[PDB]
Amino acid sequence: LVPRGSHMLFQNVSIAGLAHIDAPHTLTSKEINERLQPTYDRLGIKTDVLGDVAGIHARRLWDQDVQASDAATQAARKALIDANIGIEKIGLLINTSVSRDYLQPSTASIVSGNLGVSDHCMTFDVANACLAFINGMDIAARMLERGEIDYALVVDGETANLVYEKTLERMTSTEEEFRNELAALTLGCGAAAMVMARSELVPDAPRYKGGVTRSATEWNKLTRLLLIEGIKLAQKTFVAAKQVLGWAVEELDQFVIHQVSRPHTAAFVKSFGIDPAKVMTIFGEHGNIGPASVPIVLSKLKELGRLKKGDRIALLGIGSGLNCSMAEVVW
């Protein structure tokens, strides 16, 4: 009757399964630079923006014409294995990727079709730039908490190959232009999937509590001043997280953060007093995998045995909108 933060948290939602896919082909920022060099000379720009400003040494790409749906399918088969369950158990499949096969049908239906879901399985895509995978976990969680379903898949496959091809193309023939376009060269390919479940069905599995979102949609227009607005948004979101989840920075064991660039990350972590040792980072070798970044990093943490029962894990990012979301997993 009297509201409390902890009231809105999910009580019976767990992570049964989690997997990622690393895209196979490494493209180093040096090889890209050698192709851009005549153009750096052209414009008389002496700076290695990628290596030096962004902090990206390499990214991964697909070896072939891999569609988002294919990449999400692969990650999803792995996450079912990780959960030890058959596709027949899945009552919901949400696709959260920025990369998209078609106008329609949803990417989710194509992935469902590949996996062979049953006729009871509800599917749809959620789009929300780099935060969508947290949005999709939350959406699934509400259905689980209510008993509408027992198991859900959240998936995300990202592909950047056509983006890099088109972009390098345009970065060979104006500086406003050449600058606007370098930022596509921080993106990477990859995929993640997660199987979520009612907790009684998966005793001892990691627990998803939910989280908070704040927005500054006044800034939907939109990097100097965008970092600043981002930080101010995150500040507010942290206040929300304190009010709902009871967060204090020092009581969290890991921060799984969406990454835009080494300096944006550096600024975030300084701003909030976070211990950098608690922030795993794949951006320098994998680039920014959009909304798949968070679960990939979470899956990598797991596979490295870097998580312990009881660990409080913070999932967060700042996305275009502007939006910011912060959610907690208790391993």
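Start at 1 with the first residue shown and count on from there.
Gap between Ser173 and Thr174: 1 to 3 deposited residues without coordinates. The entry shows a gap from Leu222 to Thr223, with 10 or more unmodelled residues of the deposited sequence in between. Mean CA temperature factor is higher for 175 to 183 when stretches 175 to 183 and 90 to 98 are set side by side in the entry. As listed in the deposited structure, the average C-alpha B-factor of 243 to 251 and of 209 to 217 is greater for 243 to 251.
Of the candidates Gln64, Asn288, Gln67, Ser271, the deposited coordinates give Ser271 the top C-alpha B factor. Across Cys121, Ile228, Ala132, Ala140, the greatest Cα temperature factor reported in the deposited entry is at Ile228. In this PDB entry, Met326 carries a Cα temperature factor that places it within the lowest third of its chain's modelled residues. In this PDB entry, the Cα temperature factor of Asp125 sits in the bottom third of its chain's modelled residues, the lowest group.
Sort the chain's modelled residues by C-alpha temperature factor and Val297 lands in the middle third, per the entry.
Among the modelled residues of its chain, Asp156 has a C-alpha B-factor that falls in the lowest third, as given in the PDB entry. Split the chain's modelled residues into thirds by C-alpha temperature factor. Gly113 is in the lowest one.
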